[PDB]
């Protein structure tokens, strides 16, 4: 999408995985979808360093709407859970220096059954713009035809443009095409800043493996379409929640950097371990994800329950990730000729290698003929940055 936005993958926070559609503010007040939750989350995004690390979009997912539109046909926030309205919430979010994301659906209903935007694309786009919305996640439930799906996504893109406000446009379009036909990513990219290709993540290592395996299996079809203004979306970061070991968290962080993924945390910033915080705020790994070249990485090799992925970076540098998919035993040794990495360019005539994950450690100069040896934890990843150099 040529709107000048998402020149690097968008970073922020999104409530869905951790909080879902909890509407019971009487018995579960700390986890129900309410304006107070998003206000407190904005406060912590500022005070706990999230904004400084680059996370700037505070995003509402489904279940923010009143059950029906108002008399003038406009969407309204739920009067009990969002009594002060989206415009006031957006003013608060902007006052903290953040941007506000919201959720809508291309069909007749959102996935949770709240008012859909079909037949209201223009008025809904203008409503969000008047409210101060800066990002829209546009879902695909309750759409009765591929033609309606495509027309709705294109129309909402055009309507948002017609508002004149810069709004990041996140599409679920390709995923909902799946039961019927293969996506045309040139078109999708023309209309969308990000697009989701695969099923929802949850709080499990199984879901991480599934997203990674689907991505690598389909990488010939999706990797090259990504770039500044248009990204593949492998869904939210779930670091900081309950189902991932430390090494599995490292794997998600490293591979979302390799994949040039949008980085939308879905966790509770009020209750997050210092380790998870340090990983999610890792400056060097974020810098990899945010590399200005904007070329998505890919799986280079797989076999013997190992995977090697790499991503070309600006200025002849490369990121390299090594995953140990064997879920038994201890750290496993893996060796590779550095000439096999980065298309043979990374370490020609030499490269300086810095391990970034699981811990940061300079490994030194590797000449083009040398071999790199590492040990990778079960379900963990070793992430390295290779810097091309003629010295040593």
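Numbering follows the first chain given and starts at 1. The term rigid core refers to the maximal set of C-alpha atoms that superpose within 1.5 Å between the two forms.
Hey, after superposing on the core, which one moves around more in 6 other deposited structures of this protein, 105-113 or 179-187, CA-wise?
-> Evaluated in 6 other deposited structures of this protein, the stretch farther from the shown form is 179-187.
Going by root mean square C-alpha distance after a core fit, say whether 26-34 or 57-65 is farther from the shown form in 6 other deposited structures of this protein.
-> Farther on average in 6 other deposited structures of this protein: 26-34.
Between 55-63 and 323-331, point out the one with the higher average CA B-factor as the PDB entry records it.
-> Looking at the record's C-alpha B-factors, the answer is 55-63.
Once you work out the mean C-alpha B-factor for both 168-176 and 285-293 from the entry, which is higher?
-> Comparing 285-293 with 168-176, the higher average CA B-factor belongs to 168-176.
Please pick out which of 85, 243, 312, 234 has the largest Cα B-factor as recorded in the entry.
-> Max CA B-factor in the entry, restricted to 85, 243, 312, 234: 85.
Tell me, please, which of 157, 219, 275, 267 has the highest C-alpha B factor according to the deposited entry?
-> In this record, 157 carries the highest C-alpha B-factor of the candidates.
Could you say whether, by C-alpha temperature factor, residue 77 belongs to the lowest, middle or highest third of its chain?
-> Residue 77: CA B-factor falls in the highest third of its chain.
Should residue 122 be placed in the lowest, middle or highest third of its chain by the C-alpha B factor in the entry?
-> It belongs to the highest third of the chain when residues are ordered by C-alpha B-factor.
Using the B-factors in the PDB entry, rank residue 302's C-alpha atom against the chain and give the third, lowest, middle or highest.
-> It falls in the middle third of the chain.
Hey, what third does residue 356 fall into on Cα B-factor, ranked over its chain?
-> According to the entry, residue 356 has a C-alpha B-factor in the chain's lowest third.
Would you please rank residue 136 by its C-alpha temperature factor against the other modelled residues of its chain and give the third it falls in: lowest, middle or highest?
-> Middle third by C-alpha B-factor.
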